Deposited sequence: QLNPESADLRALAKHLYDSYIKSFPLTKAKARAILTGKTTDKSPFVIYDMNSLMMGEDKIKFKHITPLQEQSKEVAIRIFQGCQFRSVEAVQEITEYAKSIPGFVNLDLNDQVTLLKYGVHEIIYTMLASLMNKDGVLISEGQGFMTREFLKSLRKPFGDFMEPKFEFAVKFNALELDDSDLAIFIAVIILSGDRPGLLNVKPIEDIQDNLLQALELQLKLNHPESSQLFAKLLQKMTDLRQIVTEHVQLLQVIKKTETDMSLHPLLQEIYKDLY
């Protein structure tokens, strides 16, 4: 059982590397300056000038940029989801439900890997947008990113690694608590095995953090609250600025979500 759970941990990490181009290992090296620098975006001038580096009013340009990144993040997570053993053999309707509720919780989890207390890396590390600039936007645009920074500062203090995060994000989407699940028992059988590999991984990689498993599970509900606040803030955009419209992929995610 022990050698099988460690093979599942090694299986998820290799699939993790192949699914996400900007890993946490690379991101922290860019933030600390311990490598061989991203264009800093701190105002409208640096944004209107750094638009040639962004993979894609001032607030609307940040809105459109996030939507473009979000569409790409969903596709990378979906690719990782298809590599979780047993996930692809589940019924296709439950695969959609599992990804419909788990994508944003994983996006915010991996959004912490690229964050420090000052800002967030954008465009696979080529840019750096500051928290002070994201908080000074016109409302309600200025209150979208601050809850993510507050969570990332607390979440990064756990000092998880890419091998730890690979199992943890797998635990997130394999949650049998999602509404609309047709066959719950096989999904919980996969998660319970994913939790065992996660528990074993945190004991091997972090022999100092005694209750890291317990602390990690407690942040797993903070992600559901961020999603709720993000949804209720997106509905204000739909009502206030009647000019904005969500991407068809993001529209299907939030369509009848919770």
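Q: Please list, in sequence order, every stretch of the deposited sequence that lacks C-alpha coordinates.
A: Going by the record, the segments left unmodelled (no C-alpha atoms) fall at 1-4, 41-42, 63-73.
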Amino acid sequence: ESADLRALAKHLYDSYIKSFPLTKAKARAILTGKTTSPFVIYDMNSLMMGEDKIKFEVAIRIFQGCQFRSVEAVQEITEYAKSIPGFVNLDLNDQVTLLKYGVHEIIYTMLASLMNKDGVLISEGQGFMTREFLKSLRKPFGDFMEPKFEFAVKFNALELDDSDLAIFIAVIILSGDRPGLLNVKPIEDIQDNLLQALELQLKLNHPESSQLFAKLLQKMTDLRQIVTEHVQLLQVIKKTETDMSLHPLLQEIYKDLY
From here on, numbers count along this sequence of modelled residues.
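Q: Check whether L233 goes without coordinates in at least a third of the other compared PDB entries of this protein that model residues on both sides of it.
A: In all of the other entries, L233 has coordinates.
Q: Report, as yes or no, whether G50 is left without coordinates in at least one third of the other compared entries.
A: No, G50 has coordinates in all the other entries compared.
Q: Please compare 241-249 with 9-17 and say which has the higher mean C-alpha temperature factor in the record.
A: Between 241-249 and 9-17, it is 241-249.
Q: If you average the Cα B factors in the entry, which is higher, 139-147 or 106-114?
A: Stretch with the greater average CA B-factor: 139-147.
Q: Checking the record values for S70, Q196, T221, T36, which has the greatest CA B factor?
A: Answer, based on the entry's C-alpha B-factors: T36.
Q: From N183, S175, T97, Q75, can you pick the one with the highest C-alpha B factor in the entry?
A: Of the candidates given, the C-alpha B-factor peaks at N183.
Q: Split into thirds by Cα B-factor across the chain's modelled residues, where does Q126 land: lowest, middle or highest?
A: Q126: CA B-factor falls in the middle third of its chain.
Q: When the modelled residues of the chain are sorted by Cα temperature factor, does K53 land in the lowest, middle or highest third?
A: Answer is highest: the recorded C-alpha B-factor places it there.
Q: According to the PDB entry, is the CA B factor of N156 in the bottom, middle or top third of its chain, that is, lowest, middle or highest?
A: Bottom third by C-alpha B-factor.
Q: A25: which third of its chain by C-alpha temperature factor?
A: Its C-alpha B-factor belongs to the middle third of this chain's values.
Q: Going by the CA temperature factor in the PDB record, which third of the chain does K215 belong to: lowest, middle or highest?
A: Its C-alpha B-factor belongs to the lowest third of this chain's values.
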